[PDB]
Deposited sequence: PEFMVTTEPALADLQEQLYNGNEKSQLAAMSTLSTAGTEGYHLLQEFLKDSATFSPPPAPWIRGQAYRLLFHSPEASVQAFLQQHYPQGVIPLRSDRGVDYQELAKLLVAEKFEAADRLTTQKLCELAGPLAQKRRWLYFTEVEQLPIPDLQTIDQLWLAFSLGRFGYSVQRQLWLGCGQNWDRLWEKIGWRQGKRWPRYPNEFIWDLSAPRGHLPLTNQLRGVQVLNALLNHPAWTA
């Protein structure tokens, strides 16, 4: 047996475990409105779904974790403290970089703050000089570690329903015939004839276009973003 019982919630449970992504997301959303039993089912799903192979989209467990994270139930918060104290996405670095705060900001939907920290973390990864400079040379981007970039991308995917991340930007860019002008329009980085004003003219929630976040500053040209989107992390 795949899971433990619950009956108005029985079909919701089967959908959560065995549904396609759209069905799973709808099911967990509804379960989060179904009180103590609904949240218990989501807890069980986090436990059970860890066994699924191959890897499901990271925002299925990410959003389930988010719903639990937002629960008022003391039992749920204890569960999360006991089993997921640093969230649900593995945090991996080759350079001892801490991504716990990025994970916390993202689950809490603090997308502007998370984007600020993401930019800072790339500079941290590039070493002390970059960290002080507060921006990157494209050659530094080419050399960022795969595990670190994957952690950052997985966090953005997991907490954006798959809408945000460098890997999303890569896919949209490749799908735009690698044309940067098309990309800027596709991901919402144009305000008429100028760049949008940072931060107020960007969209800091999941209504934003796919690929909208994270931000890479275009005022110094496309070379940094080009290095990010062509990085070996996305085909490793």
Missing CA coverage against the deposited sequence, listed in sequence order. 7 to 8
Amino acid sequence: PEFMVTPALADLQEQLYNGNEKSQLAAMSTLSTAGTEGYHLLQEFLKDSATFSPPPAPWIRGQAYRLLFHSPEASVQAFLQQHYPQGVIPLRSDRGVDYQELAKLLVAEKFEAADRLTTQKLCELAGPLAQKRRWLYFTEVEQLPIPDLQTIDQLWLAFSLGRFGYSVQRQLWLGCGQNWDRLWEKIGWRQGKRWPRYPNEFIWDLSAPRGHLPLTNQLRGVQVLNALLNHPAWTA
From here on, numbers count along this sequence of modelled residues.
Higher average CA B factor in the deposited record is what I'm after, so tell me if that's 129 to 137 or 143 to 151. 129 to 137
Can you tell me whether 80 to 88 has a higher mean C-alpha B factor than 104 to 112 in this record, or the other way round? 80 to 88
According to the deposited entry, which of 174, 183, 64, 34 has the largest Cα B-factor? 34
Out of 52, 69, 204, 59, residue topping the C-alpha B-factor column of the entry: 52
Here the Cα B-factor of residue 75, set against its chain, lands in the third termed highest
If you rank the chain by CA B-factor, which third does residue 215 end up in: lowest, middle or highest? lowest
Quick one: classify residue 15 as lowest, middle or highest third of the chain based on its Cα B-factor. highest
Residue 224: C-alpha B-factor third of its chain, per the entry, is the middle
Can you tell me whether residue 41 has a C-alpha B-factor in the lowest, middle or highest third compared with the other modelled residues of the same chain? highest
